Amino acid sequence: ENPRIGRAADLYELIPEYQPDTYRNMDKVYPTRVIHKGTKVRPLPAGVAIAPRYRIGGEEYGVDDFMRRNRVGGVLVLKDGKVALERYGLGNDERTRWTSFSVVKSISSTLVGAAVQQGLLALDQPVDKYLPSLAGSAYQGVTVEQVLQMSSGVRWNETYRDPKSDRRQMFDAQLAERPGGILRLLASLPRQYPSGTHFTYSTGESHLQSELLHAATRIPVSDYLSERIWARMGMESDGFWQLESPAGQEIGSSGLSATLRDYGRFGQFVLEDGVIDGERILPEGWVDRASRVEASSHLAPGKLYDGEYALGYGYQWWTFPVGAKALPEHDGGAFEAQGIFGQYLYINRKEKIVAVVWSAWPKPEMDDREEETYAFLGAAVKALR
Amino acid sequence: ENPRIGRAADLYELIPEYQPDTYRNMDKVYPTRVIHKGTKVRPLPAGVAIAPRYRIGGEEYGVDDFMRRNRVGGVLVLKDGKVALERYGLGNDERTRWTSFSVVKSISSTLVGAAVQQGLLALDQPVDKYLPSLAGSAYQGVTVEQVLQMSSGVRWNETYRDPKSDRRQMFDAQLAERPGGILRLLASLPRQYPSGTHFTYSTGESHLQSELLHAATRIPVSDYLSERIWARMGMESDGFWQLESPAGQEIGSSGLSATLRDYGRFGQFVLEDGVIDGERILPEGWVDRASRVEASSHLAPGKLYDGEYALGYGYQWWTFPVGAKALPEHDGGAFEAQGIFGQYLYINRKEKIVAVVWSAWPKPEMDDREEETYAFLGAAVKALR
Amino acid sequence: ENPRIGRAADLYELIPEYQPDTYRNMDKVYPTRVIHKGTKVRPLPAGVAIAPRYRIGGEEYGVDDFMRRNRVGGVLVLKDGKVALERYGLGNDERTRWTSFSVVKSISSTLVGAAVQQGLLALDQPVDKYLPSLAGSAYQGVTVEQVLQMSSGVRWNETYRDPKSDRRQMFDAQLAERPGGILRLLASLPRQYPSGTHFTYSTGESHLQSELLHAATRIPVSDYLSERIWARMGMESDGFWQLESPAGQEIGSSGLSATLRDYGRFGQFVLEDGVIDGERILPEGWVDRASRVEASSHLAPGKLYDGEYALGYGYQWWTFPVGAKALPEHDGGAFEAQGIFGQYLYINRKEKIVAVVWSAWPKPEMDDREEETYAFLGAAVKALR
Ligand SMILES: *C(=O)[C@@H]([C@@H]1NC(C(=O)O)=C(S[C@@H]2CN[C@H](C(=O)N(C)C)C2)[C@@H]1C)[C@@H](C)O
Ligand SMILES: *C(=O)[C@@H]([C@@H]1NC(C(=O)O)=C(S[C@@H]2CN[C@H](C(=O)N(C)C)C2)[C@@H]1C)[C@@H](C)O
Ligand SMILES: *C(=O)[C@@H]([C@@H]1NC(C(=O)O)=C(S[C@@H]2CN[C@H](C(=O)N(C)C)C2)[C@@H]1C)[C@@H](C)O
Ligand SMILES: [Mg+2]
Ligand SMILES: [Mg+2]
Ligand SMILES: [Mg+2]
Ligand SMILES: [Zn+2]
Ligand SMILES: [Zn+2]
Ligand SMILES: [Zn+2]
Ligand SMILES: [Zn+2]
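Residue numbers (the entry's author numbering), protein chains in the order written: chain A, 30 to 414; chain B, 30 to 414; chain C, 30 to 414.
Below, the structure is given as structure tokens:
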């Protein structure tokens with residue numbers, strides 16, 4: 030059959046028949062830059078054999094059930110750096126490169142960490158020091174760490190279904206492909222809270238990470254990701270990264286594509302504290318900082334979204350609750366990247382576990398499928414004890 | 030020789046040496062989407078050949094003379110589904126894919142027919158129901174039928190060589206490649222007449238068919254054309270369709286490319302009332318409605334352009350006069366698609382004739398070349414009697 | 030080896046690791062059109078190898094030292110049409126196509142010359158005769174010759190580093206890829222000096238050569254260059270030329286890529302007075318007018334930039350002083366094209382010498398390295414006497 034690839038403008042409203050083919054062919058739809066691999070590839074050898082089962086409603090389900098019910102296109106579970114489980118669906122295979130959506134927020138964050146290690150960014154510096162086009166804007170004075178914590182205080186209307194929202198204006202900037210358009214949008218925004226006091230999920234603010242990384246390194250973010258990680262630990266396959274315009278700027282908040290085992294290798298890099306062959310790519314304590322759960326902080330689990338989301342926020346990572354509030358099997362400081370339509374990159378340092386889930390849910394957010402994904406993941410964590 | 034391909038901005042002004050090469054290489058100039066063929070092809074067996082000859086001035090002319098005088102790059106005459114004539118010129122061959130200009134208006138309209146047959150669009154419904162971008166403009170309340178009949182009554186200046194004309198504006202929006210630029214222009218236009226009362230040929234109004242089709246099916250129009258026609262009856266070759274923007278929206282009013290016999294197959298589809306292998310693709314009575322001649326209607330042949338044009342208008346088809354006013358050998362309810370610089374798709378149901386003409390006239394409109402084409406086609410209809 | 034290619038917006042600010050790869054891969058960064066070669070290639074036979082040496086400070090330097098000191102990617106010296114010196118650096122070889130920056134202004138000027146020979150342009154005619162969208166602008170009444178001499182009198186701010194300059198707006202128009210955007214900028218500019226009295230280096234005015242060439246020939250400028258010179262002389266390889274937009278208009282002031290020996294062939298065309306195989310392409314006396322040094326002219330050597338620059342101007346060519354103020358070895362009427370970061374095309378008719386220099390200086394203009402380039406070229410001239 031011919032590939033069913035949607036219009037560029039319809040990415041967030043494709044019919045189910047068009048999602049898998051578009052999600053794995055984003056380079057046919059948007060401008061992109063190649064994230065090059067190297068010549069050495071980090072091995073992912075076979076590991077513990079598991080057949081995880083979980084209970085929901087009153088019924089028991091295995092892996093094929095999970096994948097059928099949630100329209101899952103890929104599942105990878107790494108234990109101790111070794112493949113415990115690897116499945117493909119929806120026509121995907123080991124060579125498929127699938128798009129990240131907001132999962133790439135956590136990759137950008139980790140690269141900011143690499144830039145901190147090199148001295149090229151500092152958490153404490155104001156964003157306008159690196160990005161002079163923000164001079165005079167509400168972002169002037171906001172720090173890099175405040176951007177990482179979605180706590181700039183700049184007013185941001187994220188609702189996609191409001192034609193007037195900032196997220197829709199940013200998506201139209203992308204579709205227009207005029208370089209610097211998102212930055213100009215961000216520079217127009219008024220301030221609403223004191224900086225550092227208020228969580229507002231902003232896809233534009235997350236994009237600012239990509240802008241900062243380019244400004245600090247003076248090379249394309251895709252090449253920095255390659256030199257710091259993709260070619261250094263050794264991913265198996267090139268990736269690629271959606272840009273704002275041709276040969277332009279990577280979208281910091283969305284649009285990275287990679288093989289399933291390469292998403293897993295990135296997770297394994299984070300699980301291993303950023304160390305590749307004895308050299309520290311990430312600052313000492315970076316992963317602890319980026320996934321920190323502090324009871325008094327306004328980012329703590331339970332405290333976001335009027336109190337009815339369970340997960341907190343770190344440096345562009347969602348943080349699982351700890352202690353009495355923990356979700357079953359996800360205690361000990363688990364954290365994750367997520368993207369709409371059911372993309373997950375789950376890291377459990379206590380258990381040395383990395384999980385990657387690729388999905389094509391009909392709708393961008395579905396609470397029952399998120400909760401099912403966590404039940405399935407917790408059953409895998411339980412079976413790997 | 031390497032191909033002589035014009036700048037994208039110059040499509041309506043190319044010098045004669047750049048016209049044939051550009052018209053068969055439009056995918057090297059503009060963004061395009063592929064119209065996929067199937068694996069079965071509807072045959073076009075050879076019939077009894079014809080060598081029609083006709084008189085102009087005091088001179089008699091064959092097909093070769095006609096081809097030379099009108100700078101014809103292709104002519105195809107089908108008689109009851111069989112090839113009575115097939116000639117190529119200007120360096121074209123059987124595999125050449127030549128652009129349609131406004132001939133695609135009639136393809137889009139027929140796809141609207143297919144959507145009516147599937148219950149996805151209705152002639153009496155307003156266009157802004159399907160196209161929210163039109164709500165609050167002078168198109169609000171205009172019905173799908175009135176769009177097909179170029180009778181919205183919205184003020185539209187079609188003249189090309191005036192820089193500030195609406196047609197030039199819409200071409201500028203295509204050349205900018207911003208998704209939705211054409212719809213934004215259309216939404217900015219004032220009402221001039223009550224709708225359903227006055228014919229105004231508008232290339233933007235005709236594009237609305239493309240936008241309506243995607244809004245009702247939620248798949249690219251190229252893919253709807255493929256599933257409904259191009260892969261169902263089986264064209265011999267892929268087509269392609271010019272877009273407003275990279276991976277964007279098909280131009281409903283211009284810019285489809287296909288081989289000469291695939292244009293013939295589409296004419297045959299219409300001639301055969303939109304049935305393929307016993308399946309109805311078009312509503313019963315669609316072709317009749319779409320080529321309607323009613324003396325009372327403002328659309329009747331002889332009323333358009335305040336009497337100075339012999340042809341009337343249907344559902345984006347031009348209608349030939351019937352009765353006493355018939356042009357020689359074109360009685361019985363013949364109708365046609367046409368495009369500037371000499372493109373024709375002529376359908377004579379009485380005679381069971383489909384004819385395709387590809388030309389590269391130096392100017393977009395030459396009355397004398399139009400008249401000579403009707404004289405040649407009439408000679409061909411006569412020869413096939 | 031994956032090339033280190035910058036963001037399109039960063040061309041004038043790349044870090045050194047990114048300059049050589051980007052300069053030879055501009056077709057991966059901007060829209061381009063191919064400049065096609067022909068079927069025959071004009072040979073550049075081997076001559077007597079020279080090993081020029083010159084003294085800077087108190088030190089002897091040869092070709093290798095020149096090259097390592099000024100980060101030179103290529104050097105070609107032709108004497109009487111024969112290769113006296115040919116060296117590649119920075120990873121380049123005989124098939125590299127390296128970008129020209131402003132060197133192409135002199136190519137555009139020479140094509141205007143070709144159009145004057147064919148009668149399609151005239152030096153004393155106003156540019157708004159050929160570009161009607163400049164009627165009513167500061168260019169109204171400005172002649173073709175005045176544009177050639179950078180002497181339109183239109184007010185123009187070249188400052189790259191000022192974000193509001195006209196050069197920045199031009200480059201923004203380019204990045205936004207909207208057809209005709211540069212001409213729109215040009216038509217917005219106010220009058221400053223009476224036309225043909227003062228020299229103001231204007232990248233936009235130089236781009237105007239390209240717009241004029243297309244208006245007067247009605248074919249893409251790349252194809253005109255091909256038919257007049259590239260395919261006729263016999264270049265060795267295709268070139269290509271940066272555009273304003275995909276399949277759009279060539280940038281008249283920047284962005285041509287060619288192999289080293291093909292730049293040499295173009296210089297040799299100029300040196301042979303614009304005749305190829307007995308077919309005169311440039312008007313008699315064109316090279317004379319285009320490189321004129323006339324002490325009473327506002328363009329004479331020593332008059333530009335309040336007398337702070339040794340070189341005068343001609344038809345988009347820089348002219349070396351003659352007489353008592355001649356640079357050593359550079360007397361007799363030498364002239365050159367130059368481009369930022371160290372690109373030179375030097376033509377010395379008296380000595381029958383053509384020199385091409387390709388460099389990747391860290392900064393656009395470094396006076397020190399320019400002076401050293403002229404001392405090295407002078408040493409070549411001496412060695413070639
Ligand atoms: C990333 O995939 C997109 C953004 N990510 C989310 C998200 O967090 O799911 C939203 S915002 C919206 C707020 N309430 C929901 C939520 O937080 N959860 C279900 C956890 C989702 C964006 C669409 C980005 C590509 O725009
Ligand atoms: C399609 O080819 C272009 C439009 N088609 C015509 C046309 O051929 O009719 C016009 S302009 C004007 C309106 N009616 C005149 C006419 O009756 N004939 C040529 C027969 C010409 C447009 C330019 C479309 C791509 O704009
Ligand atoms: C060409 O490479 C760029 C333009 N070229 C020049 C140039 O000729 O160096 C400049 S402007 C600058 C102003 N005065 C300079 C000079 O020659 N001296 C100070 C001695 C020339 C442009 C940037 C083009 C790509 O824009
Ligand atoms: Mg196993
Ligand atoms: Mg019905
Ligand atoms: Mg020769
Ligand atoms: Zn850069
Ligand atoms: Zn309505
Ligand atoms: Zn769609
Ligand atoms: Zn043209």
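Where a beta carbon is used, it is the ideal one built from N, C-alpha and C, also for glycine.
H236 (chain A) is outside the set of residues whose beta carbon lies under 9 Å from a beta carbon in chain C. For a cut-off of 8 Å, the C-beta gap from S274 (chain B) to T232 (chain B) is around 17 Å, too long to register as a contact.
Taking 4 residues as the shortest admissible run, the region 325-405 of chain A contains no complete alpha helix (DSSP H) segment at all. Between ligand 6 and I310 (chain C), a heavy atom-to-CB distance of less than 8 Å is absent. DSSP places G103 (chain A) within a strand segment (E or B) once states are collapsed to three.
The contact set of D252 (chain C) on chain B, defined by CB atoms closer than 8 Å, consists of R33 in chain order.
Looking at the DSSP output, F269 (chain B) bridges to B:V63, B:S286. At a cut-off of 3 residues, the continuous stretches assigned as beta strand (DSSP E) that sit fully inside the region 107-172 of chain A are 111-117. Here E88 (chain C) is bridged, per DSSP, to C:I85.
Rounded to whole angstroms, the separation of the alpha carbons of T125 (chain C) and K381 (chain C) is 26 Å.
In the same chain as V410 (chain B), and ignoring 5 residues on each side of it, the C-beta atoms closer than 8 Å to its own belong to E358, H359, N377, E380, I382, in chain order. Of all residues in the region 296-310 of chain B, none comes within less than 8 Å of chain C when Cβ atoms are compared. In this structure, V410 (chain A) has its CB at a distance of at least 8 Å from all heavy atoms of ligand 4. When 9 Å is used as the limit between beta carbons, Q271 (chain C) is near no residue of chain B, the shortest such separation being about 14 Å. Taking 9 Å as the cut-off, the beta carbon of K354 (chain B) is found closer than this to the beta carbon of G331 (chain B).
Taking 8 Å as the cut-off, the C-beta of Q146 (chain B) counts as close to a heavy atom of ligand 5.
Between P312 (chain B) and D252 (chain B), the alpha-carbon positions lie close to 20 Å from each other. At a Cβ-Cβ threshold of 9 Å, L177 (chain B) and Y344 (chain B) count as neighbours.
Counting only the Cα atoms, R84 (chain A) lies some 25 Å from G341 (chain A).
Among the residues of the region 180-207 of chain B, those with a Cβ less than 7 Å away from any Cβ of chain A are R207, in the order of the chain. In this chain, the alpha helix (DSSP H) harbouring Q48 (chain C) covers 48-52. Across the set A:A408, A:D122, A:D109, A:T139, the C-alpha of A:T139 shows the shortest separation from the C-alpha of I258 (chain A). Under the Cβ distance rule, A276 (chain B) does not count among the residues neighbouring chain C, no pair being separated by less than 9 Å. In the DSSP annotation of this structure, the continuous segment of the alpha helix (DSSP H) that includes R213 (chain C) starts and ends at 210-216. For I305 (chain C), the closest alpha carbon among the candidates C:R53, C:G296, C:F364, C:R261 is that of C:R261.
With a threshold of 8 Å, the Cβ atom of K392 (chain A) does not count as near ligand 1, since no heavy atom of the ligand is closer than that.
Proximity of the beta carbon of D39 (chain B) to ligand 10 is indicated: a heavy atom of the ligand is located closer than 8 Å. The three-state reading of DSSP puts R414 (chain B) in coil, since its state is none of H, G, I, E or B. Ligand 6 has a heavy atom closer than 8 Å to the beta-carbon of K69 (chain C). Contact check for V171 (chain C) and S224 (chain C): beta-carbon distance about 5 Å, within the 8 Å limit, so the pair qualifies.
Contacts with chain C at 9 Å (Cβ-Cβ) do not include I280 (chain A).
Scanning A:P81, A:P208, A:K111, A:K134 for the CA closest to the CA of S162 (chain A) turns up A:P208.
A distance below 6 Å between beta-carbons, with the five flanking residues on each side excluded, links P393 (chain B) to the following residues of its chain, in chain order: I369, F370.
Residue side-chain check: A164 (chain B) places its Cβ nearer than 8 Å to a non-hydrogen atom of ligand 8. Looking at the DSSP output, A75 (chain C) shares a beta bridge with C:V112. Within chain C, no residue has its CB atom less than 7 Å from the CB of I248 (chain B), the nearest being about 26 Å off.
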